[PDB]
Amino acid sequence: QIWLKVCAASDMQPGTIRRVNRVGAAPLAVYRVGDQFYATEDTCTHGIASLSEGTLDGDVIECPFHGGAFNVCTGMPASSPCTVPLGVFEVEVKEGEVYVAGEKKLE
Amino acid sequence: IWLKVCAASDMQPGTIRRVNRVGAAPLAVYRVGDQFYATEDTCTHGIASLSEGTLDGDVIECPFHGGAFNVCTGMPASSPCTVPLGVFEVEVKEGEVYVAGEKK
Amino acid sequence: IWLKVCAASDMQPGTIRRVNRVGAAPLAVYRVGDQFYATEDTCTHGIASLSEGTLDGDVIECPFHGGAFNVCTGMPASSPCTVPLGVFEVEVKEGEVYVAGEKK
Amino acid sequence: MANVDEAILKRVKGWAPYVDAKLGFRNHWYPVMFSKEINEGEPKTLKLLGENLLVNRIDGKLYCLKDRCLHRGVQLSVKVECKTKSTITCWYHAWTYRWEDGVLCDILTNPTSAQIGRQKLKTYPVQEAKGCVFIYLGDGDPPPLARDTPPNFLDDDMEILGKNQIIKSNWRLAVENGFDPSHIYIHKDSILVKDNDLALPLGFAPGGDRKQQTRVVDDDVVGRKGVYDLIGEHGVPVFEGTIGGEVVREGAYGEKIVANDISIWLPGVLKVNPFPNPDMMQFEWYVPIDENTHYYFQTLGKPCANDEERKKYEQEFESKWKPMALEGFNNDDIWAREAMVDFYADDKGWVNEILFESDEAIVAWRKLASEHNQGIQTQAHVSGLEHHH
Amino acid sequence: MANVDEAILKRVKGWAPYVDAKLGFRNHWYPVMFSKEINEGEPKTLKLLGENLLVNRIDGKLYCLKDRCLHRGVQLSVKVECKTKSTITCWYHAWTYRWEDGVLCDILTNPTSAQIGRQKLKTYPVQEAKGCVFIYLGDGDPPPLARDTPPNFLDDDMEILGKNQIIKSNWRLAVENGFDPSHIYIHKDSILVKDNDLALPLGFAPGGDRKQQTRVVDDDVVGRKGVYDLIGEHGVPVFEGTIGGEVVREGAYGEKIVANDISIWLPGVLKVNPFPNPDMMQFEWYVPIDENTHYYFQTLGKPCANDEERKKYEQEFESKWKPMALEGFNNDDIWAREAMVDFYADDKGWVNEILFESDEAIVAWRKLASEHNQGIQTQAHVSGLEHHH
Amino acid sequence: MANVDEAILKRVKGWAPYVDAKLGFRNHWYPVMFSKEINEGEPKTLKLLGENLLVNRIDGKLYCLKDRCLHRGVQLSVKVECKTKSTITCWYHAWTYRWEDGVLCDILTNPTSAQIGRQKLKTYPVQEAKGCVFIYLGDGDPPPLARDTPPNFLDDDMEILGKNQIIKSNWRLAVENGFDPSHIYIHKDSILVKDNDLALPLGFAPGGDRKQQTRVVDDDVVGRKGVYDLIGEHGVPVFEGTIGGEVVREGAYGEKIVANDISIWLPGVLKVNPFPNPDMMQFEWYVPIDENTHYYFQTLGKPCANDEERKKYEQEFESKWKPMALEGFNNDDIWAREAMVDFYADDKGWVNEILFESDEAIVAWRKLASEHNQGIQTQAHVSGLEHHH
């Protein structure tokens, strides 16, 4: 629906990524930068790689296939060969629980 | 014979002044610190004006191909320059810069 | 059975001394620190004389192609060498170094 | 951006960008063929600034797509498959793109693929003017074509006719072969000289005022940037060639006055006025194909007020101007350009060349080009721009 | 082992060894010719993994010596001199080697040389199986041949027939051209489709469960290492290709069901089952010759219980299978491989390629190959290993 | 200097300069053609040590200029223009040079240019001797030609006749093949051996010590530098080639004894005496053209006291010696040189070669060449020496 329950905020350490699978839709990736949470599509826009299997360097996620990268906050490409922006999904913490939007931001 | 060029103070340290001579090839006067030197202005490797180049110590670097010469000896300091530059003795008297009329 | 090479004191640590043998192939005696070792003088990779090479610790580098051998085991230490060198027994007695007529 | 050894670029402080631009200048319009050479639904391949491109005509309009599938990087042109009027399908795995915007609109081997509609093949603006096809090899909204054309080329009544071919030399050697007042010595025996009764010296040497002969233009309203070598009004025509004071060769004393002024303009187009006849003009481009080759795009312009004047000019072009001038005159320029290849091939020629006074105009051009070009094409542009965060 | 720019290898974290293996994998068996191509006492030359080799048959058994004299590095094959049944003498200074162990046993120009009996020319294990000549391009006693062969290739009843040729592309581009379920789009017009009445979709797209369609094999008792792409049992056959929702092309709706499953095995051999007919199987190797070329070793297997069947199979092969399938079907794979060369020639294609769903199996292969290969061949292996340990 | 990987040079401590001298040794005389090949007023082109040169004969005397215009670096030879007997004018912008000293004496396109008399085209000394054209590819005043020629080549009564051609191998491979004592094995089936009844062993079993294998000459009256092959002084000639103790080949038991005296001299010329007949000698040069090619300048000398003897010799040369020896014998050396190209092309063979006893002769030459050459030619000499303060 609108807000998808992911996990407890405390279940994620800073600098970690969590994949959120969805029935009938493409998977999402939730990142924890410090004590803040962000989310984007899980599939790298350059191909078929799963960004949740990549490496998070601050607020920049690096794809494990070709080394492309994106800023997890804005979803904008940070490293070649990536050129297509990721869709970003709002994340909110309700009573210590992590929720991710079911629809991406329009812009 | 000598040619009165300018007042010493007319040139800031590390600068170059082109000295034209009607009916003759132009000269280049260099101020290295508080010393003055002179050579033909035209690079011996082409048509570039050394007065439009870069002075590093007592070595002038041509603006065209990076060739260079020692403004004191006129000898090449960097390729592609191979032909020595004409040198003209300079004399400073009473704050006035004078350059020999003939290459010696 | 043993040939007198030289006085142990005639060799400075890290030096090589070639030993020519009548009617036979030459040998190489190396002094690594206070111990002595010997191997055939001819590099196994060609026709170079190892005694004209450079010793680094217990490893001798051939002057022709840079191949190397551990002088204690005769085993190749650097390419292009691949064939183990023949090693000869060495013994010091009364300050004089002797090498065995045949490889161990 | 690092196309040439940094040690060399550091040596040519006056025009490093120019020396670095071995692949040409990005973000400029370039003529690549004549309109009559590209027909409806007939895809044509070409390489420009090192990039393989495909041009097609749909409902009369021209479209340009990079000739390289996004998938495994093969050239779509190996086996062209335009399944529908508005698209082209890669012969390999069937990824399909729209000519109009390069968008991957379908994949015949996987209609459910998540890549569909989320990938786009590079496209370049294409414009037809004066029967010539210009491709804007650049990014973003293109500037007016006029910015990259020499004066008068786009005049309402200027009738343009030409010829194009691939020459084996870097484009800059071609530019400097054309915008060179002394090189015409090589044309002293051209059939055009006698057959068209031309007045042509062995060369045009510098007059008494350099600042008057060379005119740097960077204040043109349409934004064009170029350099004039006023050889006719400020230069000195050398008619008697001497060795040791003795005359060994003389120029041509014909009646027709041509080549009053020459001018070179970014991205690399020369204008000779008037030529090859007093009432005509020659506009020629030296288009970068790759580091070793260029299109020698020649055009001749002559004002024509109606169709009768145009068909007359066309007939004269085919019977005289093309064979006598474009070929009879400029053919020697071809092997001349090829002859400079070796000296500049290792990029060392840009340092060891020994220039003389007449080259002053070329130097002005090198400076202007380095200062006003709109981008340096790099190998990374060809393979795919790279950047690490 | 450092065959590719480090900056690129650092980017492909999922399969760097594979990208680095431009010269192939050392320490694996590779087919290079058919037994009938090498006769008793007639040495044949060939290049494998960049190394020039010589193969000879003595008393029916095959032997392999490196085709490079230890002395001055000339190829012995420039002028073959086999002076005794068991040896070969270099034509230059006559260094003589034994085929069986490569030992330098004699030197005609100096029978007293200290090198005699103290040097050895590289030899490689050679084994014949199913009429195919396999060479172990590796060091140390070889593993069983079955480890580097697809399942069933070595079955007692399996009759093997085929052809071999040199193709101009890196071996990996060939592997990925073969182990690609969506590439068959290029075969949609092959004469085998209609003439053999085959059921062949435009492409096989990923089915419901991805984990079920791809099966990585690293538990084979024989030691085999490979990946299955169960397109027939878990994939989706796309028979109607659409653009904008309109059908523009359809697959082959024949009766013979083929290509139920495909598998790729180290060092690089594909198994298509069943193919080209429901009662057959195709096994093809992409053998590295050098960084730009590979042997496309094709073989077709069909169970045969007696000579009457074998002879019948051999007759069908020559009249139908070879011309209609191996050539009629796979010929398009040749230029397809050649078309991918440019994109990967600078190694940049391994970074810029844009993959889609059906490439999941290929990715699995790249990881398997990276993790289970027995060695990365390097140019140093070719010239002579270099080290300062 | 610096023509080879520094890591390789560091390894070859016995002769690093030789390994680095891929382009040959500068500051030595080299024969490049025969006198009869260049006529009055007919400039000839050639490449020596990587440099393009022009040779002309004016009033009977030879002159050599670098074939590269100072201006834009084109070869003047593309279109030769000798407008006065003492000069040559570039076809491009008419820069004119004097053959005598290379000075830029005129510029037809700009008679008052300040460059006139201020620039100079590189010139090289040229001398004719024994009907051969020698060029001193070096700087400053040349030493006597005698320094760079084998003993007796310049003898008053020595009649010299020969042949020259371009061979595809680096010059060093040619030198070593010529001076190689054991390479004689490749000539065992030469027509000269049987037709001129020569005694020719298959090789030699070395005798005595290493120092006795060669005779190094560090200085002659004229400063010659060379090495004599003395393997036959204490060595045993091998006439029966055996493998496993079984005779498989025999040398030639002719009555004529030749080549008892063999020496190699800097810059790279071999002297074989007597050869191919007891009453004559052979002097041959391996002249560096570029890194991959050399001139194989062959000459045969026979002392002649009068014109009748010289005429007779000339007749024997054309009808017998040239076809039977220069070609019939040495043609095998040609493909032998070509066979060594690959092993040394990557400079790795200079490290991996496995030498044997007779190579003491080659090692002595490598050391002599390294210690006494007059300079290492570099690509920088070819493009233009570089130096930055």
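Letters are used for the chains, namely A, B, C, D, E and F, taken in the order the chains are written, and counting of residues starts over at 1 for each.
Everything below uses one rule, namely that a contact is a pair of C-beta atoms (placed from the backbone, for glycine too) under 8 Å apart; a residue touches a chain by one contact, two chains touch by 3 or more.
The UniProt protein names, listed by chain, are A, B, C = Ferredoxin CarAc; D, E, F = Terminal oxygenase component of carbazole.
Greatest centre-to-centre distance from subunit A is found for F, with centres as Cα means. The pairing of subunit E with subunit F is characterised as different-residue: of all residue numbers used at this interface, under half are used by both copies. Subunit E and subunit F have Cα centroids lying 47 Å from one another.
Put simply, the C-alpha centre of subunit B and that of subunit E have 71 angstrom between them.
We define each chain's centre as the mean of its Cα atoms; on that basis subunit B and subunit D are separated by 41 Å.
Listed for subunit D are residues 114, 119, 351-357, 384, each touching two or more other chains.
Residues of subunit C found to touch two or more other chains are 80. The chain pairs satisfying the stated touch condition come to A-D, A-E, B-D, B-F, C-E, C-F, D-E, D-F, E-F. Only residues 180, 182-186, 202-206, 238, 241-244, 246, 248-249, 335-336, 339-340, 342-344, 346, 348-349, 351-358 of subunit F touch subunit E when the two sit together in their complex. Of all residues in subunit B, only 25, 42, 44, 47, 56, 59, 66, 68, 77-80, 83 touch subunit F in the complex they form. For subunit B in complex with subunit D, the touching residues are 45-47, 54, 63-66, 80.
Residues of subunit F touching subunit C in their complex: 10-14, 350-357, 359-360, 363. Put simply, subunit F touches subunit D in their complex at residues 68, 70-75, 78, 83-84, 87, 89, 91-96, 105-115, 119, 383-384.
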